[PDB]
Amino acid sequence: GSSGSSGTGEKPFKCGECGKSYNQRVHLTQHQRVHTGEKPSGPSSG
Ligand SMILES: [Zn+2]
């Protein structure tokens, strides 16, 4: 079988990291935050 979800309508802005679109650009940039913040190192135990 093969299935997949997709947004309803169309937006000028879209997130190419997870797949979340937003009518406005202010609703996208504030969302991409979840894709930017962590660190590849983290709390190093010396
Ligand atoms: Zn996203």
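Heads up, the Cβs are rebuilt from the backbone with ideal geometry, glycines too, and the neighbour counts pull from every protein chain shown. Read-outs throughout are calculated quantities, based only on the coordinates presented, and are distinct from any laboratory measurement.
What to note about this one:
- Convex hull of Cα atoms in the chain, direction-averaged projection (nm²): 5.6 nm²
- In loop segments of the stretch 6-46 as defined by DSSP, the trypsin sites (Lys or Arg not before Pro) with at most 13 further C-beta atoms inside 10 Å of their C-beta are 25.
- Taking the Cα centre of the chain as origin and assigning +1 to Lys and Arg Cβ atoms and -1 to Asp and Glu Cβ atoms, the resulting dipole is close to 120 debye.
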